[PDB]
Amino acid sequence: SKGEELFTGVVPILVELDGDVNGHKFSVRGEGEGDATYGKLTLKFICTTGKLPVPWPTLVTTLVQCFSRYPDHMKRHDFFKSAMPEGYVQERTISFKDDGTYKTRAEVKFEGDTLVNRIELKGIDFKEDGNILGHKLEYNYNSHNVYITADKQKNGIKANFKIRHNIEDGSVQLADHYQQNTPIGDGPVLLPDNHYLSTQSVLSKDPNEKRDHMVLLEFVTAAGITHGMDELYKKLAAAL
């Protein structure tokens, strides 16, 4: 695709989030950079309104899948980069088991050299003493598979996955994710065969930062489709 050329080097990132969870309103701003050659993200996020009223880990998926590393043999399945620079809309429903839901709508696009993710988030039906409003989730993050399928009727994609949030008592709070992405522009985009994104993330703090904040390092690689050279490597083994 033409948009894949925008991601051959290091790209600055800006993230803006406005949220309302059970009437608790807040804003988050994030800055950093992405290197799609290695599927690598480094970012720091700030709650600009004061204290964040939900645990930071619950916002990780909402806070740029165009930075995933697609292997060469899978380039024809990379919807996210193909929509650039005009961008795409990303929508999700996130259902916290035995608790409330987040509904999110974002636009991801280039503003000059900067890749921008602008989000609105609405949360309803949360329990006052639950794991979310009660701040019972540990400050860490697990590794996941994000399953992608084409959505031909909308010229876009769908994703389904389950995020596992560790609870301080040793249990798990499941967050079911249903996702839909559609292009903003009118140019051609790539509709993929079924595959997944393999993720890993580490959360930390900046010892010099007095605002409520989150430091993030993340690596994402596309997988689930073979290179088709299996029979060839069998022939090389015979020629050894």
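All residue numbers refer to positions in the sequence shown, first residue = 1.
Trainee: According to the entry, are there none, 1 to 3, 4 to 9, or 10 or more residues of the deposited sequence without coordinates between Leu63 and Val64?
Mentor: In the deposited sequence, 1 to 3 residues between these two have no coordinates.
Trainee: Do the CA atoms of 86-94 or those of 126-134 have the higher mean B-factor in the entry?
Mentor: Per the deposited B-factors, the answer is 126-134.
Trainee: Averaged over C-alpha atoms, is the B-factor higher for 227-235 or for 21-29 in this PDB entry?
Mentor: Comparing 227-235 with 21-29, the higher mean C-alpha B-factor belongs to 227-235.
Trainee: For the CA B factor values reported in this entry, which option in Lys51, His177, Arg69, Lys44 has the top one?
Mentor: Reading the PDB entry, the winner on C-alpha B-factor is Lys51.
Trainee: Considering every modelled residue of the chain and its Cα B-factor in the PDB entry, is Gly187 in the lowest, middle or highest third?
Mentor: Tercile = highest for this residue's CA B-factor.
Trainee: Going by the entry, which third of its chain does the Cα temperature factor of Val172 land in?
Mentor: For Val172, whose C-alpha B-factor we compare with every modelled residue in the chain, the answer is the highest third.
Trainee: Please place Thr58 in the lowest, middle or highest third of its chain according to the CA B-factor in the PDB entry.
Mentor: As the PDB entry reports it, the C-alpha B-factor of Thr58 lands in the lowest third of its chain.
Trainee: Among the modelled residues of this chain, does the Cα B factor of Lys40 put it in the lowest, middle or highest third?
Mentor: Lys40: CA B-factor falls in the lowest third of its chain.
Trainee: By the recorded C-alpha temperature factor, relative to the other modelled residues in its chain, which third is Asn155 in?
Mentor: As the PDB entry reports it, the C-alpha B-factor of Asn155 lands in the highest third of its chain.
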